[PDB]
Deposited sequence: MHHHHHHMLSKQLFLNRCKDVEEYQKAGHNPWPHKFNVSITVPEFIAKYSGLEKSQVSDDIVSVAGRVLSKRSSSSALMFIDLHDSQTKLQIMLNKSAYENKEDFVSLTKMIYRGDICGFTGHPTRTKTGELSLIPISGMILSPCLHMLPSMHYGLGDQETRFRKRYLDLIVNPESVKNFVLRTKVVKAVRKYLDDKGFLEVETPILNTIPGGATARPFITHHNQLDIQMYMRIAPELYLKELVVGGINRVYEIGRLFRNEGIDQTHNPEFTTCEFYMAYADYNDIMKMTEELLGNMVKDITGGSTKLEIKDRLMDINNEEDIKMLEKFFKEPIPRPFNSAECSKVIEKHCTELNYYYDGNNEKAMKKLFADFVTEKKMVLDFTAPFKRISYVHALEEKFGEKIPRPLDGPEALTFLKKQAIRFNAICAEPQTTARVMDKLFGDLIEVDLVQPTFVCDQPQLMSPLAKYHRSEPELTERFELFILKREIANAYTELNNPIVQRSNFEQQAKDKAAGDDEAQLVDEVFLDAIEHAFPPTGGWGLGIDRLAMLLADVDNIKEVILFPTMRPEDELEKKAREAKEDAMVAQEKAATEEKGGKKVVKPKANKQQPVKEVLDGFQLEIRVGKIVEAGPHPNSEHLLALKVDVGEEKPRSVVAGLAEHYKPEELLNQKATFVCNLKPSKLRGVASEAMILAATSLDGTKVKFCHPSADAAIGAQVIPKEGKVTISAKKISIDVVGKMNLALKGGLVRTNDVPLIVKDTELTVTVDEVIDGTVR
């Protein structure tokens, strides 16, 4: 008889509410006027001393998380609003309608949304409270709210029912408040520099040259197959061709791939493009922006993190290293020239066995170089640091470096062994761009001719920048799971087995109480 006690509680709770309404009480009043929020309440009335009572009449509202009474004429309620608590001392003598007092104080169930109107006070016990002249049920709770706290970790139950989690684990709200703080920070930073915030299509008739697997859908009237975007890059660049010199979008991208702690099916990034700027400029901008964020969080530009503690030093400037130069620094000496040549490869392999003791197949120069960099220096790069001037071997769609050969003009910002952002001195040569697109298409086995036309019409020298929003929030909230900063992460639909098991344990809880 799976989940019997919870169905019983639900049924009886519905009965309670209907009887409450039959007695002439509306369980769902249309409007209650809240004059003050409990954080505001606390801010204003904290100066009250013990047993002192204000003359003011205020009204507050929130969720009842605690209901306990030392008397039938004296009840104490923990009312929760904006993740903050205020006690409600329901004292009968101070309650105007002495008839409503009984029915109300009897009806109130833990989890109910209630309003109260009365006098601020600080009790003799020191507890800041409100003494109600009147009060009412604003919305009844028809289930048993889990204890506080509940589900730690047990990410499943948490992220299934985010609405319960936010209630029993209110600390979690701190994360999401941080995340919005982040996007505002970037918006401001860019807006104040003349950037136009735009919106580009999420649906495209062209799949995109990137190897990433896309979500595929269908438009009925046009009878055509369409694809969800992997990045806004092309459209934004078209905007820079069109005369809008500085654009950015903070948008939702979609990858039809796996789900792990650093990957959600749909995620959020910021891209911007800025005419007449290069990756150096973007480097200083990145320093500036991230610095501002961290100082907003703390006051200083040094943040504290776990592993107990440690400090990430966001102080400008960030350290910066050259790719192949760091590889050669730790190797012992240089890599043979033509890096994409055979001698360079046979060289690299010798270090692949000497050092890494790890590598993979196919053994292209790019991939051995990538694994080499991957566990030789990429781990670890804990402090914020720019890795710059990647080879053409690694960078197919980038612009060649202006001084030293076989390198390109990019960087990837590493923090805590992870990539957070990246930038480019964008390739604006339309002939080379065409070659690269046709080559890309060939390796993947239609190409974006609209975009090619656009930059054939002259694309200004431009700086490009991309930031992972979810991952930056992850890094700044000090969490190791991306679902911790996404409100409703994508969940594998729970079938009957774990559904039954879950509801079963939920009832096993109630049994753990009643016996």
Comparing deposited sequence to modelled residues, the uncovered ranges are 1-4, 312-376, 515-521, 592-777
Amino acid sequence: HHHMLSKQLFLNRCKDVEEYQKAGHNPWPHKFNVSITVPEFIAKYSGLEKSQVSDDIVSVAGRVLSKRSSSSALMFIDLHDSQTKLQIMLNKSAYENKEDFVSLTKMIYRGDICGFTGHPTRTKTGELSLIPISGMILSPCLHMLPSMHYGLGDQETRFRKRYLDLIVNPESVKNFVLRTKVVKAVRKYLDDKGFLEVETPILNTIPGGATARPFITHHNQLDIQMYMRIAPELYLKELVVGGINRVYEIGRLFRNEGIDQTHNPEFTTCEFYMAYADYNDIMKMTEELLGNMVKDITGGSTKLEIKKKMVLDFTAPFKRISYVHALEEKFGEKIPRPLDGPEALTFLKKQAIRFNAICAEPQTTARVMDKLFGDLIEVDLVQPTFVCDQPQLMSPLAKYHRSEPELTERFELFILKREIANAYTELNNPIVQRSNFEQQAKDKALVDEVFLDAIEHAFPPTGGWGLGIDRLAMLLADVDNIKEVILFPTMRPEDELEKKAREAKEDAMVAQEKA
From here on, numbers count along this sequence of modelled residues.
Taking the mean of the C-alpha B-factors per stretch from the entry, tell me the winner out of 228-236 and 251-259. 251-259
Higher avg CA temperature factor (499-507 vs 14-22, as deposited) belongs to 499-507
Out of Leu290, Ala366, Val173, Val432, residue topping the C-alpha B-factor column of the entry: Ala366
Just to confirm, going by the entry's C-alpha B-factors, which of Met394, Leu138, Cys141, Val183 comes out highest? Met394
Lowest, middle or highest third: where is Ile133 by C-alpha B factor in its chain? lowest
Tell me, lowest, middle or highest third: where does the Cα B factor of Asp389 rank within its chain? middle
Check where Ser54 lands among this chain's C-alpha B-factors and tell me if it's the lowest, middle or highest third. middle
The third of the chain into which the C-alpha temperature factor of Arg246 falls is the lowest
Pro146, C-alpha B-factor rank within chain (lowest, middle or highest third): middle
